[PDB]
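Presented below, as structure tokens, is a lone chain in the form deposited in one PDB entry.
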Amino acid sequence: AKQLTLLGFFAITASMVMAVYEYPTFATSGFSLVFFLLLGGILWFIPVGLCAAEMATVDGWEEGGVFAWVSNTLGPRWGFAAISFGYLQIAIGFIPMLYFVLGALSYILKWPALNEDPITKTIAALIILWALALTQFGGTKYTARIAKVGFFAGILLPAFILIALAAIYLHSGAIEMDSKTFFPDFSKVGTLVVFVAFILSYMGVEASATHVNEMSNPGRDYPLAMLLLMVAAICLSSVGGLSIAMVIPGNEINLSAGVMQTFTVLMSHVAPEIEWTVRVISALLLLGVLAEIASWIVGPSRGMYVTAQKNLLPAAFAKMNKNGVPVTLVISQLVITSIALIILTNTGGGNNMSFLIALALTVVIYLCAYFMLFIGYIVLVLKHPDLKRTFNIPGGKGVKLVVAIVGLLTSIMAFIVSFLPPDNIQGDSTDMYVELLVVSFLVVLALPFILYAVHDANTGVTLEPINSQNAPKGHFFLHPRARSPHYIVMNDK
């Protein structure tokens, strides 16, 4: 007995439709971004959600996450490594936040040294990270809550204030030319590498797929959620990613504090009288992000305990303190994020390069997890056709293949394109982009593959799937990339 209206689903993963942080670096590509979101959604997004779902709704596969899906078609070795890119990609994916944080931070305090100064960013980055790390440790009773209050408060609220700020400003006066800048210049070197920010925008969906089952009539109900979710995300990202763009042109947009910058600019027009108001908006931005980050600190390692229960994970990488919160991982990833935070930022050209690079690294890591999803999916399609699926991509072995084949392509393309800069991401220069990024990525691709062989007597607890019904307060106000799916019921609780 399970019923989930198409809108019920939308509401659940609708939470990702908002990626303000990256709004600045979507703007760098001027007007093209509507193009780019179109690709993303049609060639990637969709396909991803399409295949991910069919795999989720398979007899015995609902409780998996593509540790499940993959480990059946591509086999074990592949599920562990693939499922580790749900967790790994997020260690790097943190950077972006920390920068956005410091960017807002800086604008609040008339301290443009928080963004600019790399030496100060690092020290300031960890301070904020390992602080949140602390709090979260104090049990995750709160997270969910704060997040529901936070994302409301901050990520949601400024958006209205931007639309209204940009829209009214566009009313009269004046910066990017809307006519035909629509297509990126394949004329120039770095033109694509931006995609990264756009693919990132869509990654995550695989999370809320299994949510399919509870659904009520996957058939249409579902390809529609996507159609609407994709359209909604494009509209939100298009209106925002552009606002900033209209009032700052491509060369000098600040990647991290780029958002607050747009407000300070658009405001200095509405009536300098309330120019300070912008400072207040920054506080809300930093708040929303802080809440979203704090929710990440704990979550995806819980997502990743399934590997431990199967021994897969080291004998030492399995322990939770009164109230769950397995800590070997949480504290472990924190080091990777901290160690990486001291490498990327405190290293290359300036800042814009450190921000954009962080996205590529996170996207590249996630790409690995996806490649298997598409590859294994086709294995499913073709090696296990006689099987039990609640949701079936609608068309036939054909559409199914061509659909899955397309997405794999889009990924690949995103993977490559990830690796060639223009050398000029608004000043800071990618002289060191392609390398640091090769050694950084090759360094990780390396982790889950080594842990496997390393070594092959059980203990832990039970994990209880979560559903449009359990679901702690305001889970879904969370990002899909990061929600875990199940409570660490130890002591039975």
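C-alpha atoms forming the largest set that superposes within 1.5 Å between two forms make up the rigid core. Quick note: we count residues from 1 along the sequence shown, nothing fancier.
The following text describes the form deposited in another entry, which does not appear among the structures shown.
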inquiry  = Once the rigid core is superposed, exactly one of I274, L134, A315, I339 has its CA displaced by 2 Å or more between this form and the one not shown; which residue is that?
reply    = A315
request  = Might you say whether the CA atoms of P314 and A56 end up closer or farther apart in that other deposited form than in this form? Their distance differs by 3 Å or more.
outcome  = closer
remark   = Distance flag for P314 and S71 (Cα, change 3 Å or more) in that other deposited form: the two residues are closer
